[PDB]
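Below you'll find the structure, written out as structure tokens, and then a few comments.
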Amino acid sequence: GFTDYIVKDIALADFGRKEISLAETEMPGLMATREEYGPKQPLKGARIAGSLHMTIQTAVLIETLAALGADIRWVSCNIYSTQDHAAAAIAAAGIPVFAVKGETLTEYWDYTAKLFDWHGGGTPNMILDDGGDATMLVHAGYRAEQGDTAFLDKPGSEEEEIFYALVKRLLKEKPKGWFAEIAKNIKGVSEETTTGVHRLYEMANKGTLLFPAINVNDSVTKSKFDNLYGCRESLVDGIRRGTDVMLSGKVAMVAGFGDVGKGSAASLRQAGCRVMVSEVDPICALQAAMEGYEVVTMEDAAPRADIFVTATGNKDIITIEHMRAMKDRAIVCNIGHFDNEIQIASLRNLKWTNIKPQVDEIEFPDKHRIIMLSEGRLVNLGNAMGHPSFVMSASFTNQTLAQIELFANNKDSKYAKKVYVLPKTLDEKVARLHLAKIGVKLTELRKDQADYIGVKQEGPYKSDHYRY
Amino acid sequence: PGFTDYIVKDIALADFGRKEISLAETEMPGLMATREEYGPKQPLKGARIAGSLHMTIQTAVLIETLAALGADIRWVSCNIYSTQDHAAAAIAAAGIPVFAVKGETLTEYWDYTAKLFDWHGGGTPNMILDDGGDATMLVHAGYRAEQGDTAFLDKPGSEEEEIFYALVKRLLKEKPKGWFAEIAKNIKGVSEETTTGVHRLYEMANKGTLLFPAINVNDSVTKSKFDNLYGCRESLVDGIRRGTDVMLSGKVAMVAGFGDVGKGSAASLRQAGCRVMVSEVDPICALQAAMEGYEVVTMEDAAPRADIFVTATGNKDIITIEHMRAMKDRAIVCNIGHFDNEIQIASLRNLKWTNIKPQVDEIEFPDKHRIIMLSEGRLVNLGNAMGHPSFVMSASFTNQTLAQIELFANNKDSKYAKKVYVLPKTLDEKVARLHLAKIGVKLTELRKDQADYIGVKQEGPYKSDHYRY
Ligand SMILES: NC(=O)c1ccc[n+]([C@@H]2O[C@H](COP(=O)([O-])OP(=O)(O)OC[C@H]3O[C@@H](n4cnc5c(N)ncnc54)[C@H](O)[C@@H]3O)[C@@H](O)[C@H]2O)c1
Ligand SMILES: NC(=O)c1ccc[n+]([C@@H]2O[C@H](COP(=O)([O-])OP(=O)(O)OC[C@H]3O[C@@H](n4cnc5c(N)ncnc54)[C@H](O)[C@@H]3O)[C@@H](O)[C@H]2O)c1
Ligand SMILES: Nc1ncnc2[nH]cnc12
Ligand SMILES: Nc1ncnc2[nH]cnc12
Ligand SMILES: [Br-]
Ligand SMILES: [Br-]
Ligand code: NA
Ligand code: NA
């Protein structure tokens, strides 16, 4: 029997299994990775602590890791992103998983801590992260365990106080040197998303990064696929399920025109909205204008737009003064990694009327209302099902290759305590594994053609500086 | 005083050229703002710039920006069909030496290139501004042979190659001993516009044969992600319509390559109503095309199917004689990469050509099926229409102007070695900012805490050097 898990309802396991099987067909990169590396067992002996949205897509990633020999414990990286049938299927598979759609913030962080209590005794020796939270727990406890505890008493956020309480409690409950023990045993971390990678470079630059990191976000086959087309498909998906609103003929405002903001603006435009964009980057703003988006300030958009999407990875994008100016029943959501892009806490003395899970109506003093999705959390994961499997297969094949490099291909210490990206050969290899399913017929260079443009026939085909 | 130091189709076109230059000025705020900012400061006073770059109206605005900054100038076009004759006439009528005719011969093309280096008043140039690297390459071949390596000069390859070798020997015969070493020593740098030219530069740098510092303007974000992409999106179909007047809605089009030019070319045709198929050798680029809903096929798959074919690779031997034998009657074939060997045009000389109009030819095969060829396989957007529109050229040419300033005025301490550089992101962002007012953008300003929160200064730069946009 198996009891080392927390999920919503284990009876959803058969439903999750059915959808996982369907996803496998949609994820040739992961399936082909199992076929190539399965016999090789490169992950035998790995103890991977995973912190990433516990979805059906993630379930295929987890079982790819296992098929390569990895021992695993897993949590979601957001309180609303778990798909409970995915989590149930992983638990029924005998993998410790702690993930519930709609868990509390305190549950979220205690579940993260369970990553590090390994079954059979000990600690993990790998981390797979999305947003850096698990990585941040190891570094925060380590910093405190070494005596610099001052920051632990100086919070300024609901989440951050809960997080600091976790770190104190772990220091009080766990053996000496538990964080030093963890930090010693972690061979590396692979990080999924822009915000988490930002956290890594803050540690790298300060000289506090405790183990090698691979930046999976900046694989071309991640950042130019997941962030772009993934959001192009899943943003309006989340809006439709939450609101069932007609998109044709409405005006939408997207804050940000990086990879996520580009995909977000395209999602709304393709659905029929007239899309305006904000930006602070003059290059990205010129991109938005040349694509036919009107580029305006949030002050300018607030009285006018029917729908608002923050996509910046920054904070305080949609403020309480913006929401006071919005038309009655304007829709507001967030597709960046963290909820502080919208001033959700400034709304809490207002009347909230819940409509359905992850959909609330908020009334202002002058009677106008707004429709908030997922309380400002990631709308594509909170209100729909995240990115579809196929594009997630590209991201998670990168993730698996990153795990293999850090765990198995660091005998010569080629990875120091810095942040790395996968080589272009592996980036191109990820793309190759997805060509058959979509029906691409790749042209083969002749040798004189390859010489002509200065590449080998087998690649890589571009300079490391190429932007695609 | 009278001015005679030029070669143009017809100098009576100058008033016409001047009118369209004036209109282009309004569409190129980046160059006009650069004039306002740098004119008074005269950063290129003393510069003698040899320019090899499509002699279009857009280029004329660049020329007069360089002049307004203090530069002394001589200019030629970098393709036999890309010149706009009214633009060349306006530059000549302004007293600027220029040698460019739309439809010039290959022999004329290289003879005019050599004329850039005989400077009015005596002497040589001290700067080069290049598009494709022909002018740079004439210097390095001449220098290389002036040193002693005479071998390569007696090996053809194509028709152009033979002519090009013939020029350097004539220049070795007629000019004083040491002429090329003396050019090479006075050239303070070169700025290069295009992907093929930059590939030529890096190949020289890796071989240790690059003679002077070089700035890769192509790989500024405000160039490659705008000019190459949106420019071709607007001027490819423009070239096809003017050449053929064909209905694009309903047709199947094939684009070879899905780099920046291929991306913009496929978009040009899709937006015009075509169903677009694409070829690629790069699996990442091919995956991008398929995620945009383009069918990714081989040129052999497309030959009997597509109504229109566009090569956009910067490679060679993309559309072969075997492909063209397979094409349906009166398929349209053209090329938007920098050089004309993407299509095996030489192989087509064997068949019966009927000229339709300038830069449009019908070619008949033994079984009587025919194809329509645009610009004899040269750059279709510049041969058959007017190249990229002014506004997107303003970004590219502001980059060129800043690159000329860097190499001519900001290299007193040799901070630029004999290597290939790109412009800093601060200048890349600068270029974009100069175009925001014209296109109506209202930029948001970060507050101090928001700038700290994402790790940037309020005034930028906003992205890591690794950022792909
Ligand atoms: N929901 C998802 O499934 C998903 C997927 C990938 C990434 N993300 C997250 O989305 C966020 C954005 O990621 P990204 O890859 O697009 O990063 P990015 O750096 O590529 O783009 C962010 C853009 O926001 C702009 N910006 C910053 N502050 C702004 C402001 N005050 N006003 C207007 N624009 C501003 C920046 O100039 C930048 O161009 C991150 O938090 C990332 O982790 C979410
Ligand atoms: N006409 C214009 O106005 C204009 C403007 C800019 C650049 N150019 C020229 O266009 C050419 C392409 O430039 P780019 O910036 O797109 O370079 P790029 O490297 O970004 O794109 C070229 C693509 O061609 C692909 N390719 C190479 N050989 C191939 C083959 N045999 N079959 C299919 N695909 C193949 C490469 O994989 C690559 O993705 C260059 O010569 C450049 O100088 C023309
Ligand atoms: N479906 C998904 N699964 C996991 N992480 C995701 N991030 C975005 N979409 C996702
Ligand atoms: N109109 C134009 N002028 C100069 N160079 C160009 N390259 C592409 N289009 C051009
Ligand atoms: Br109010
Ligand atoms: Br035939
Ligand atoms: Na999904
Ligand atoms: Na033009």
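Here chain A follows Swiss-Prot, giving residues 6-473 in order.
Looks like X-ray crystallography, 1.9 Å, at least that's what the header says.
Each Cβ is built from the backbone N, Cα and C atoms, and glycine gets one as well.
Copied over from Swiss-Prot:
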type	residues	note
BINDING	A:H58, A:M59, A:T60, A:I61, A:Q62, A:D135, A:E197, A:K227, A:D231, A:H342, A:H392	substrate binding site
BINDING	A:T198, A:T199, A:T200, A:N232, A:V265, A:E284, A:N319, A:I340, A:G341, A:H342, A:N385, A:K467, A:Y471	NAD(+) binding site
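Feature map: Swiss-Prot annotations on the structure.
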residue	record	Cβ neighbours (10 Å)
A:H58	substrate binding site	25
A:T60	substrate binding site	25
A:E197	substrate binding site	27
A:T198	NAD(+) binding site	25
A:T200	NAD(+) binding site	19
A:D231	substrate binding site	26
A:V265	NAD(+) binding site	28
A:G341	NAD(+) binding site	29
A:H392	substrate binding site	28
A:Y471	NAD(+) binding site	18
Whole-number Å value for how far A:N385 (NAD(+) binding site) lies from A:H392 (substrate binding site) (Cα to Cα):
7
Which of A:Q62, A:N319, A:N385, all binding-site residues, has a Cβ with the fewest other Cβ atoms inside 10 Å:
A:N319
Alpha-carbon distance [A:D231 (substrate binding site); A:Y471 (NAD(+) binding site)] in Å:
18
Largest inter-residue Cα distance among A:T198, A:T199, A:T200, A:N232, A:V265, A:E284, A:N319, A:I340, A:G341, A:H342, A:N385, A:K467, A:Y471 [record-listed NAD(+) binders, Å]:
33
What span in Å does the substrate site cover, taken as the longest CA to CA distance among A:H58, A:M59, A:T60, A:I61, A:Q62, A:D135, A:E197, A:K227, A:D231, A:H342, A:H392?
19
Nearest to A:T60 (substrate binding site) by Cα, among A:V265, A:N319, A:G341, A:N385 (binding-site residues)?
A:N385
Interface-adjacent binding-site residues, chosen from A:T198, A:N319, A:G341 when a CB lies under 8 A of chain B:
A:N319
Between the Cα atoms of A:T200 (NAD(+) binding site) and A:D231 (substrate binding site), find the distance and write it as a whole number of Å.
15
Cα-Cα separation of A:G341 (NAD(+) binding site) and A:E197 (substrate binding site), in Å?
13
Can you grab the distance from A:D231 (substrate binding site) over to A:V265 (NAD(+) binding site)? Cα atoms, rounded to a whole Å.
9
What whole-number Å value do you get for the CA-CA distance of A:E197 (substrate binding site) and A:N319 (NAD(+) binding site)?
17
